[PDB]
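S.K.: Structure file my_file_16.pdb (PDB, C-alpha atoms) right here:
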ATOM      1  CA  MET S   1     112.137  57.032 155.998  1.00  0.00           C
ATOM      2  CA  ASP S   2     108.680  56.572 154.529  1.00  0.00           C
ATOM      3  CA  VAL S   3     109.451  55.945 150.886  1.00  0.00           C
ATOM      4  CA  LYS S   4     105.816  55.083 150.060  1.00  0.00           C
ATOM      5  CA  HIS S   5     104.608  58.496 151.335  1.00  0.00           C
ATOM      6  CA  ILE S   6     107.345  60.388 149.417  1.00  0.00           C
ATOM      7  CA  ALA S   7     106.780  58.366 146.185  1.00  0.00           C
ATOM      8  CA  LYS S   8     103.020  58.991 146.379  1.00  0.00           C
ATOM      9  CA  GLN S   9     103.413  62.685 147.083  1.00  0.00           C
ATOM     10  CA  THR S  10     105.978  62.972 144.296  1.00  0.00           C
ATOM     11  CA  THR S  11     103.497  61.246 141.948  1.00  0.00           C
ATOM     12  CA  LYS S  12     100.654  63.608 142.974  1.00  0.00           C
ATOM     13  CA  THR S  13     102.920  66.629 142.279  1.00  0.00           C
ATOM     14  CA  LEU S  14     103.858  65.134 138.919  1.00  0.00           C
ATOM     15  CA  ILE S  15     100.201  64.550 137.865  1.00  0.00           C
ATOM     16  CA  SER S  16      99.319  68.107 138.979  1.00  0.00           C
ATOM     17  CA  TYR S  17     102.147  69.563 136.889  1.00  0.00           C
ATOM     18  CA  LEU S  18     101.232  67.526 133.773  1.00  0.00           C
ATOM     19  CA  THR S  19      97.610  68.550 134.209  1.00  0.00           C
ATOM     20  CA  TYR S  20      98.694  72.164 134.016  1.00  0.00           C
ATOM     21  CA  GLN S  21     100.951  71.409 131.005  1.00  0.00           C
ATOM     22  CA  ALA S  22      97.850  69.825 129.410  1.00  0.00           C
ATOM     23  CA  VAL S  23      95.883  73.029 130.111  1.00  0.00           C
ATOM     24  CA  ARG S  24      98.648  75.043 128.236  1.00  0.00           C
ATOM     25  CA  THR S  25      98.500  72.594 125.299  1.00  0.00           C
ATOM     26  CA  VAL S  26      94.721  72.917 124.884  1.00  0.00           C
ATOM     27  CA  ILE S  27      95.042  76.717 125.072  1.00  0.00           C
ATOM     28  CA  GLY S  28      97.474  76.439 122.103  1.00  0.00           C
ATOM     29  CA  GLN S  29      95.149  74.103 120.135  1.00  0.00           C
ATOM     30  CA  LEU S  30      92.247  76.482 120.645  1.00  0.00           C
ATOM     31  CA  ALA S  31      94.502  79.168 119.079  1.00  0.00           C
ATOM     32  CA  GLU S  32      94.482  77.229 115.690  1.00  0.00           C
ATOM     33  CA  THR S  33      90.760  76.291 115.651  1.00  0.00           C
ATOM     34  CA  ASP S  34      88.864  78.813 118.002  1.00  0.00           C
ATOM     35  CA  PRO S  35      90.681  81.924 119.418  1.00  0.00           C
ATOM     36  CA  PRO S  36      88.030  83.411 121.889  1.00  0.00           C
ATOM     37  CA  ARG S  37      88.013  80.152 123.853  1.00  0.00           C
ATOM     38  CA  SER S  38      91.846  80.294 124.272  1.00  0.00           C
ATOM     39  CA  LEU S  39      91.539  83.598 126.284  1.00  0.00           C
ATOM     40  CA  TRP S  40      88.715  82.298 128.394  1.00  0.00           C
ATOM     41  CA  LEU S  41      90.690  79.153 129.344  1.00  0.00           C
ATOM     42  CA  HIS S  42      93.813  81.296 130.058  1.00  0.00           C
ATOM     43  CA  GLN S  43      91.820  83.716 132.260  1.00  0.00           C
ATOM     44  CA  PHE S  44      89.957  80.996 134.126  1.00  0.00           C
ATOM     45  CA  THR S  45      93.297  79.321 134.990  1.00  0.00           C
ATOM     46  CA  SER S  46      94.810  82.551 136.429  1.00  0.00           C
ATOM     47  CA  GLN S  47      92.500  82.476 139.488  1.00  0.00           C
ATOM     48  CA  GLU S  48      92.078  78.664 139.388  1.00  0.00           C
ATOM     49  CA  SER S  49      95.727  77.572 138.991  1.00  0.00           C
ATOM     50  CA  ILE S  50      96.404  77.706 142.735  1.00  0.00           C
ATOM     51  CA  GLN S  51      95.244  74.168 143.485  1.00  0.00           C
ATOM     52  CA  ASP S  52      95.847  70.512 142.876  1.00  0.00           C
ATOM     53  CA  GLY S  53      95.102  69.442 139.282  1.00  0.00           C
ATOM     54  CA  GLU S  54      92.124  67.325 140.313  1.00  0.00           C
ATOM     55  CA  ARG S  55      90.462  70.309 142.088  1.00  0.00           C
ATOM     56  CA  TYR S  56      91.232  72.575 139.111  1.00  0.00           C
ATOM     57  CA  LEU S  57      89.603  70.090 136.703  1.00  0.00           C
ATOM     58  CA  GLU S  58      86.510  69.857 138.899  1.00  0.00           C
ATOM     59  CA  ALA S  59      86.238  73.656 138.743  1.00  0.00           C
ATOM     60  CA  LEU S  60      86.704  73.593 134.938  1.00  0.00           C
ATOM     61  CA  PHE S  61      84.049  70.867 134.435  1.00  0.00           C
ATOM     62  CA  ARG S  62      81.415  73.036 136.212  1.00  0.00           C
ATOM     63  CA  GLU S  63      82.010  75.773 133.618  1.00  0.00           C
ATOM     64  CA  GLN S  64      83.294  74.222 130.316  1.00  0.00           C
ATOM     65  CA  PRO S  65      83.135  70.392 130.402  1.00  0.00           C
ATOM     66  CA  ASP S  66      84.269  69.824 126.737  1.00  0.00           C
ATOM     67  CA  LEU S  67      87.586  71.452 127.745  1.00  0.00           C
ATOM     68  CA  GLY S  68      87.859  69.379 130.950  1.00  0.00           C
ATOM     69  CA  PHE S  69      87.525  66.217 128.838  1.00  0.00           C
ATOM     70  CA  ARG S  70      90.181  67.286 126.312  1.00  0.00           C
ATOM     71  CA  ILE S  71      92.568  67.976 129.225  1.00  0.00           C
ATOM     72  CA  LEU S  72      92.038  64.530 130.728  1.00  0.00           C
ATOM     73  CA  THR S  73      93.050  63.083 127.326  1.00  0.00           C
ATOM     74  CA  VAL S  74      96.067  65.370 126.741  1.00  0.00           C
ATOM     75  CA  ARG S  75      97.467  64.855 130.278  1.00  0.00           C
ATOM     76  CA  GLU S  76      97.308  61.058 129.829  1.00  0.00           C
ATOM     77  CA  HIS S  77      99.169  61.359 126.516  1.00  0.00           C
ATOM     78  CA  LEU S  78     101.800  63.734 128.038  1.00  0.00           C
ATOM     79  CA  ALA S  79     102.293  61.283 130.923  1.00  0.00           C
ATOM     80  CA  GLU S  80     102.685  58.319 128.454  1.00  0.00           C
ATOM     81  CA  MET S  81     105.290  60.322 126.471  1.00  0.00           C
ATOM     82  CA  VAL S  82     107.478  61.500 129.369  1.00  0.00           C
ATOM     83  CA  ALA S  83     107.109  58.753 132.015  1.00  0.00           C
ATOM     84  CA  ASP S  84     109.943  56.511 130.967  1.00  0.00           C
ATOM     85  CA  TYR S  85     112.446  59.399 130.626  1.00  0.00           C
ATOM     86  CA  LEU S  86     111.856  60.694 134.106  1.00  0.00           C
ATOM     87  CA  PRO S  87     114.156  58.312 136.149  1.00  0.00           C
ATOM     88  CA  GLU S  88     117.339  59.013 134.174  1.00  0.00           C
ATOM     89  CA  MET S  89     116.542  62.691 133.724  1.00  0.00           C
ATOM     90  CA  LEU S  90     115.920  63.107 137.455  1.00  0.00           C
ATOM     91  CA  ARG S  91     119.134  61.301 138.425  1.00  0.00           C
ATOM     92  CA  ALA S  92     121.230  63.210 135.847  1.00  0.00           C
ATOM     93  CA  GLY S  93     119.480  66.508 136.640  1.00  0.00           C
ATOM     94  CA  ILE S  94     120.123  66.215 140.398  1.00  0.00           C
ATOM     95  CA  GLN S  95     123.795  65.211 139.781  1.00  0.00           C
ATOM     96  CA  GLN S  96     124.276  68.267 137.525  1.00  0.00           C
ATOM     97  CA  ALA S  97     122.438  70.676 139.873  1.00  0.00           C
ATOM     98  CA  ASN S  98     124.418  69.342 142.897  1.00  0.00           C
ATOM     99  CA  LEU S  99     127.696  69.805 141.052  1.00  0.00           C
ATOM    100  CA  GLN S 100     126.751  73.413 140.170  1.00  0.00           C
ATOM    101  CA  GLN S 101     125.653  74.149 143.794  1.00  0.00           C
ATOM    102  CA  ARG S 102     128.882  72.731 145.222  1.00  0.00           C
ATOM    103  CA  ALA S 103     131.151  74.475 142.658  1.00  0.00           C
ATOM    104  CA  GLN S 104     129.383  77.800 143.264  1.00  0.00           C
ATOM    105  CA  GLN S 105     129.735  77.503 147.058  1.00  0.00           C
ATOM    106  CA  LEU S 106     133.400  76.452 146.812  1.00  0.00           C
ATOM    107  CA  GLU S 107     134.047  79.451 144.450  1.00  0.00           C
ATOM    108  CA  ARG S 108     132.329  81.655 147.019  1.00  0.00           C
ATOM    109  CA  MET S 109     134.455  80.180 149.836  1.00  0.00           C
ATOM    110  CA  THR S 110     137.786  80.768 148.024  1.00  0.00           C
ATOM    111  CA  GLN S 111     136.617  84.211 146.777  1.00  0.00           C
ATOM    112  CA  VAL S 112     136.126  85.222 150.440  1.00  0.00           C
ATOM    113  CA  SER S 113     139.907  84.906 150.830  1.00  0.00           C
ATOM    114  CA  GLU S 114     141.321  86.306 147.594  1.00  0.00           C
TER     115      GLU S 114
ATOM    116  CA  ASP B   2     107.055  69.562 122.487  1.00  0.00           C
ATOM    117  CA  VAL B   3     107.968  66.291 124.379  1.00  0.00           C
ATOM    118  CA  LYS B   4     111.625  67.257 124.976  1.00  0.00           C
ATOM    119  CA  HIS B   5     110.820  70.648 126.462  1.00  0.00           C
ATOM    120  CA  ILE B   6     108.060  68.921 128.483  1.00  0.00           C
ATOM    121  CA  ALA B   7     110.183  66.085 129.967  1.00  0.00           C
ATOM    122  CA  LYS B   8     112.879  68.713 130.944  1.00  0.00           C
ATOM    123  CA  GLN B   9     110.434  71.106 132.585  1.00  0.00           C
ATOM    124  CA  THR B  10     108.798  68.165 134.359  1.00  0.00           C
ATOM    125  CA  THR B  11     112.207  67.143 135.636  1.00  0.00           C
ATOM    126  CA  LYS B  12     112.917  70.659 136.964  1.00  0.00           C
ATOM    127  CA  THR B  13     109.628  70.566 138.848  1.00  0.00           C
ATOM    128  CA  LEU B  14     110.425  67.180 140.332  1.00  0.00           C
ATOM    129  CA  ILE B  15     113.929  68.258 141.419  1.00  0.00           C
ATOM    130  CA  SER B  16     112.408  71.340 143.135  1.00  0.00           C
ATOM    131  CA  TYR B  17     109.847  69.177 144.975  1.00  0.00           C
ATOM    132  CA  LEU B  18     112.490  66.661 146.104  1.00  0.00           C
ATOM    133  CA  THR B  19     114.689  69.531 147.255  1.00  0.00           C
ATOM    134  CA  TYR B  20     111.973  70.736 149.620  1.00  0.00           C
ATOM    135  CA  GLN B  21     111.326  67.119 150.727  1.00  0.00           C
ATOM    136  CA  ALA B  22     115.077  66.870 151.535  1.00  0.00           C
ATOM    137  CA  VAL B  23     114.745  70.055 153.591  1.00  0.00           C
ATOM    138  CA  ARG B  24     112.097  68.299 155.765  1.00  0.00           C
ATOM    139  CA  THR B  25     114.478  65.378 156.208  1.00  0.00           C
ATOM    140  CA  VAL B  26     117.222  67.649 157.482  1.00  0.00           C
ATOM    141  CA  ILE B  27     114.786  69.503 159.728  1.00  0.00           C
ATOM    142  CA  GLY B  28     113.932  66.098 161.253  1.00  0.00           C
ATOM    143  CA  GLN B  29     117.608  65.133 161.676  1.00  0.00           C
ATOM    144  CA  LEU B  30     118.328  68.497 163.364  1.00  0.00           C
ATOM    145  CA  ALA B  31     115.310  67.991 165.631  1.00  0.00           C
ATOM    146  CA  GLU B  32     117.505  65.200 167.114  1.00  0.00           C
ATOM    147  CA  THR B  33     120.993  66.841 167.115  1.00  0.00           C
ATOM    148  CA  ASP B  34     120.352  70.619 167.293  1.00  0.00           C
ATOM    149  CA  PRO B  35     116.687  71.554 168.009  1.00  0.00           C
ATOM    150  CA  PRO B  36     117.161  75.343 167.810  1.00  0.00           C
ATOM    151  CA  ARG B  37     118.669  74.940 164.293  1.00  0.00           C
ATOM    152  CA  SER B  38     115.844  72.590 163.338  1.00  0.00           C
ATOM    153  CA  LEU B  39     113.451  75.378 164.268  1.00  0.00           C
ATOM    154  CA  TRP B  40     115.678  77.903 162.455  1.00  0.00           C
ATOM    155  CA  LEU B  41     115.573  75.819 159.271  1.00  0.00           C
ATOM    156  CA  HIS B  42     111.847  75.296 159.480  1.00  0.00           C
ATOM    157  CA  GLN B  43     111.356  79.056 159.833  1.00  0.00           C
ATOM    158  CA  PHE B  44     113.794  79.941 156.972  1.00  0.00           C
ATOM    159  CA  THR B  45     112.111  77.418 154.698  1.00  0.00           C
ATOM    160  CA  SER B  46     108.647  78.819 155.566  1.00  0.00           C
ATOM    161  CA  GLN B  47     109.762  82.172 154.130  1.00  0.00           C
ATOM    162  CA  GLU B  48     111.970  81.045 151.213  1.00  0.00           C
ATOM    163  CA  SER B  49     109.987  78.238 149.563  1.00  0.00           C
ATOM    164  CA  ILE B  50     108.104  80.243 146.838  1.00  0.00           C
ATOM    165  CA  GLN B  51     110.926  79.856 144.394  1.00  0.00           C
ATOM    166  CA  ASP B  52     112.734  77.055 142.554  1.00  0.00           C
ATOM    167  CA  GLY B  53     114.750  74.690 144.733  1.00  0.00           C
ATOM    168  CA  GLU B  54     118.081  75.900 143.269  1.00  0.00           C
ATOM    169  CA  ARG B  55     117.365  79.530 144.326  1.00  0.00           C
ATOM    170  CA  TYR B  56     116.225  78.280 147.769  1.00  0.00           C
ATOM    171  CA  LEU B  57     119.576  76.455 148.154  1.00  0.00           C
ATOM    172  CA  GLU B  58     121.595  79.533 147.052  1.00  0.00           C
ATOM    173  CA  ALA B  59     119.806  81.561 149.689  1.00  0.00           C
ATOM    174  CA  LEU B  60     120.400  78.892 152.368  1.00  0.00           C
ATOM    175  CA  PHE B  61     124.076  78.666 151.494  1.00  0.00           C
ATOM    176  CA  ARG B  62     124.428  82.383 152.332  1.00  0.00           C
ATOM    177  CA  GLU B  63     123.165  81.686 155.838  1.00  0.00           C
ATOM    178  CA  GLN B  64     123.949  78.100 156.948  1.00  0.00           C
ATOM    179  CA  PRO B  65     126.171  76.466 154.342  1.00  0.00           C
ATOM    180  CA  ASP B  66     126.599  73.161 156.228  1.00  0.00           C
ATOM    181  CA  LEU B  67     122.788  72.686 155.915  1.00  0.00           C
ATOM    182  CA  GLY B  68     122.920  73.496 152.175  1.00  0.00           C
ATOM    183  CA  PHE B  69     125.558  70.829 151.682  1.00  0.00           C
ATOM    184  CA  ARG B  70     123.514  68.299 153.674  1.00  0.00           C
ATOM    185  CA  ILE B  71     120.341  68.956 151.635  1.00  0.00           C
ATOM    186  CA  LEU B  72     122.264  68.328 148.364  1.00  0.00           C
ATOM    187  CA  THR B  73     123.212  64.828 149.593  1.00  0.00           C
ATOM    188  CA  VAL B  74     119.750  64.059 150.926  1.00  0.00           C
ATOM    189  CA  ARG B  75     117.948  65.082 147.703  1.00  0.00           C
ATOM    190  CA  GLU B  76     120.226  62.856 145.654  1.00  0.00           C
ATOM    191  CA  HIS B  77     119.304  59.965 147.994  1.00  0.00           C
ATOM    192  CA  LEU B  78     115.583  60.781 147.808  1.00  0.00           C
ATOM    193  CA  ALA B  79     115.831  60.810 144.013  1.00  0.00           C
ATOM    194  CA  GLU B  80     117.483  57.395 144.027  1.00  0.00           C
ATOM    195  CA  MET B  81     114.786  56.065 146.449  1.00  0.00           C
ATOM    196  CA  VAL B  82     111.875  57.318 144.288  1.00  0.00           C
ATOM    197  CA  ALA B  83     112.972  57.636 140.611  1.00  0.00           C
ATOM    198  CA  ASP B  84     112.442  54.057 139.399  1.00  0.00           C
ATOM    199  CA  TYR B  85     108.884  53.942 140.876  1.00  0.00           C
ATOM    200  CA  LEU B  86     107.792  56.920 138.852  1.00  0.00           C
ATOM    201  CA  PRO B  87     107.105  55.501 135.382  1.00  0.00           C
ATOM    202  CA  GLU B  88     104.623  53.019 136.876  1.00  0.00           C
ATOM    203  CA  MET B  89     103.221  55.314 139.537  1.00  0.00           C
ATOM    204  CA  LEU B  90     102.605  58.127 137.007  1.00  0.00           C
ATOM    205  CA  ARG B  91     100.888  55.897 134.405  1.00  0.00           C
ATOM    206  CA  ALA B  92      98.740  54.077 136.997  1.00  0.00           C
ATOM    207  CA  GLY B  93      98.036  57.354 138.819  1.00  0.00           C
ATOM    208  CA  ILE B  94      96.923  59.302 135.814  1.00  0.00           C
ATOM    209  CA  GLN B  95      94.692  56.388 134.697  1.00  0.00           C
ATOM    210  CA  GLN B  96      92.921  56.258 138.089  1.00  0.00           C
ATOM    211  CA  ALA B  97      92.660  60.062 138.315  1.00  0.00           C
ATOM    212  CA  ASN B  98      91.089  60.247 134.847  1.00  0.00           C
ATOM    213  CA  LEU B  99      88.680  57.381 135.716  1.00  0.00           C
ATOM    214  CA  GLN B 100      87.622  59.290 138.816  1.00  0.00           C
ATOM    215  CA  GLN B 101      87.142  62.536 136.878  1.00  0.00           C
ATOM    216  CA  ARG B 102      85.045  60.853 134.193  1.00  0.00           C
ATOM    217  CA  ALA B 103      82.949  58.902 136.731  1.00  0.00           C
ATOM    218  CA  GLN B 104      82.345  62.155 138.582  1.00  0.00           C
ATOM    219  CA  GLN B 105      81.344  64.099 135.481  1.00  0.00           C
ATOM    220  CA  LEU B 106      78.982  61.382 134.264  1.00  0.00           C
ATOM    221  CA  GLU B 107      76.831  62.974 137.057  1.00  0.00           C
TER     222      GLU B 107
END
Represent the supplied structure as structure tokens.
M.R.:
Amino acid sequence: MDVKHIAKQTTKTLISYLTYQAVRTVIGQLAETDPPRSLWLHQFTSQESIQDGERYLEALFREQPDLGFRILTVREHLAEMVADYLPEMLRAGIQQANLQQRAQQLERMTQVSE
Amino acid sequence: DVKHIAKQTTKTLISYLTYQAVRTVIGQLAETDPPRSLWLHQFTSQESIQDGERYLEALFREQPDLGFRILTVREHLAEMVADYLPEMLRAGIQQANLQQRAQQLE
């Protein structure tokens, strides 16, 4: 199979997710220093969340570019903090989820005989 | 919180790889059992707006052999991708931020 395609697409998904986690973080920071801007950023994201992180940020920059810049910085820091954990967590997570899926289906199968 | 973040990130990745594994099995079925390939494509088109684990539970109710197959495939996809991610994510987020900043210098 095309591992390069899947690795790239996986990476794009990851960056989009961390972008949105960065948006949540800045919302929280604005709570400590400037509460009206927290609500604005939350509301903007409700109609603007349904898109790739890069398209969301371009939308944000048109309206509040100080916030767009803070998010670039936070998302880079979040990525630096999590990146090296991801391989083992993914492998362990998929092993655990697979076990649970199999055990549940087997329990279903033997329950349909009881 | 870094710990909550790396966990939630992981959940998101597992969901994504689950749906990638679905496409793999659709492709395999396109060879061995075209009507079931179509069936699985159609099911997935209606059941994908949920976490991968809930998708699998639903699939297991209908076509359990396909659920079992997707579990094995997603494990393989994880193994094929996982060790690229620390580099791809760092390099990717650096280039994406460079692009954003170059754009907004306009």
S.K.: Would you work out the distance separating CA of residue 74 in chain B from CA of residue 22 in chain B, expressed in Å to one decimal?
M.R.: 5.5 Å
S.K.: Using all atoms listed in the file, give me every residue within 6 Å of (90.8, 76.5, 137.5) in file coordinates, as a PyMOL selection string.
M.R.: chain S and resi 44-45+48-49+56+59-60
S.K.: Do a neighbour search on residue 24 in chain S at 10 Å with only C-alpha atoms, toss out local chain neighbours closer than 3 positions, and write the hits as an MDAnalysis selection string.
M.R.: chainID S and resid 18:21 27:29 38 41:42 45 71
S.K.: Report the residues retrieved by the ChimeraX specification (/S :<8) & /B from the displayed file, expressed as a PyMOL selection string.
M.R.: chain B and resi 3+6-8+10-15+17-18+21+54+57-58+61+69+72+75-76+79-91+93-95+97-98+101-102+105
S.K.: What does the distance from CA of residue 16 in chain B to CA of residue 52 in chain B come to in Å, to one decimal?
M.R.: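 That distance, rounded to one decimal, is 5.8 Å.
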